[PDB]
Each structure stands twice: as structure tokens, then as C-alpha cells.
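Presented below, as C-alpha cells, is a lone chain in the form deposited in one PDB entry.
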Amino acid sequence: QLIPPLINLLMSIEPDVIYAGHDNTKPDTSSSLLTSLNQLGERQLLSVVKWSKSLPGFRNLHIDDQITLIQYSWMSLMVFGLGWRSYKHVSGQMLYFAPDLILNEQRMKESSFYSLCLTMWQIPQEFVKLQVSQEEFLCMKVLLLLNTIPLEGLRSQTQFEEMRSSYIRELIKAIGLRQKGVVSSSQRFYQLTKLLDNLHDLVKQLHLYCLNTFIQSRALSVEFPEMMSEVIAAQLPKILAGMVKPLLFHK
């Protein structure tokens, strides 16, 4: 009725919650924790690719572009999802990685990892502050998938532009569901798109921590599964070096 068709479709294709398959019964060490988060990441990566095959318009981009967009955005999509689950299930007061892997301050012993968690915590915090709706979150997540492209652009750049515009228009409709004011809705659009822009710097810290841990994996006793190892090796160094074009809503 009032909920736009595309938004209902996005709600319908959102994956079912993913479990980390984490022990719990045993004392979590820093390395065991990271290993468990990587196992969760491997399971979420599969989920992300399956989700993308049902995402309107995505399957129509050139296959190389589809692969490139997933390899550029997996970290962003996953931390954004973490933000949403944390917001929804624990009022943003704990990091809800999975139902069997919820982290609070007490479990973040490692000072470097705790610092990374505080960075991640910024998202649920903004979600709480802005009171982001399920409808807004769904459209913003798609925009994140489409938020970075190669320096030379995509093979299906035209199709990509149209897709991105369609989802920007859908985010506007989501905002309109609760933002009556023409300026209030406008200021809302500004706030939400500014949040997406800010994710770029946030994700960069996650990318750096990941690539470092990946290179020191044997030394840190941290295991990375095969699919995650592939995306890291295929693009992280390039992304970190800034050899990609981040798309920004605000100059």
C-alpha cells in the first residue's frame, strides 16, 4: 500500500540471520575471536553474493563489474549490517556480530581490536541518533554496494549510473514514508547521504586492520577462510593505496 514495491522486494531478499558457529563454552582469546569473526565473514560473504543475484538491476551489469563491486564493498556492507543488528537487537550498546557472537566491552581485551570496535560502534550510534528506519537502511545498503568504482570506471557504466540513480530515488521514497516536511525530508536526505560518505574513512581503518592481520595471520594464529582470503588478496592493497574512485554525495 504505502511501502514502495522495490523496498518490499529488498525486505524480502534480505538474508536470514547468519550464525558464526562460535564456541562460547571456551574462554575467547584474541586470536580465537578474530578467527571466529573471519568464519562469520566467510558465511556473510556467501550471503552477500546470493543477495546480489536477487538485487534488482545488479545481475544486468557486466559480470566483471558485479564481481568488482562485491570485492570493493564487502567490508562496508558487513560493518553496515553489523551496525543495523546492533541497533535493532541491543539498542546499539553491544556489537551484535551474530546471535552466537555478541561483543561487549568486557570481551574486547585487545587494545588494538577494542579501538577498531569503537570505530565500528560509530555506525549503530548514528543509527540510534538518527532513528534510521528499516526502509531507509535497505536502500542505503544498496547504495553502499554501488559506492566505489574503478579509476577507469565500469564496463557497464551507463547501466551502473541508472541503477545508482534508481536506488537514490528509492531512498528518497523511504525517507518520505516518515519525513513529511519538504525541508525536513531534504535535511534527512542530507544526513543519510552524509553518513554514507563518512563510511569511506571508517571502512579504510577496517581495511587496514584486516590486511595487516591477514599478512600476520600465521604469527597471530588467525585463520582466514578461502573466499575471504581471495577478496582480500584481489583488491585490498589496491583499495588501500587509493587506486579506486570512491563516490561521494557531498563535495
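Only the largest set of C-alpha atoms that superpose within 1.5 Å between the two forms is called the rigid core. Numbers for residues come from their place in the sequence shown, where the first is 1.
Beyond the structure shown, there is the form solved in complex with a partner chain, which is absent from this document and is the topic of what follows.
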query: The partner chain in the deposited complex: contacted by all of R59, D64 and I67, heavy atom 4.5 Å; finding: yes
query: Sole residue of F127, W74, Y167, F137 within 4.5 Å of the partner chain in the deposited complex, by heavy atom; finding: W74
query: Listed residue that, although the partner chain is not shown, lies within 4.5 Å of it in the deposited complex (heavy atoms), from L195, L45, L37, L202; finding: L45
query: Residue contact check: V49 to the partner chain in the deposited complex, 4.5 Å heavy atom; finding: yes
query: 4.5 angstroms heavy atom contact with the partner chain in the deposited complex for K53; finding: yes
query: Of the candidates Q131, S165, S111, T158, the only Cα that travels 2 Å or more between this form and the one not shown, given a rigid-core fit; finding: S111
query: Per-residue C-alpha change between this form and the one not shown, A233, threshold 2 Å, rigid core fit; finding: yes
query: Core-superposed C-alpha of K26 shifting 2 Å or more between this form and the one not shown; finding: yes
query: Relative Cα spacing, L208 and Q235, in the deposited complex - shift of 3 Å or more; finding: closer
query: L236 and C139, C-alpha gap in the deposited complex relative to this structure (3 Å or more); finding: farther
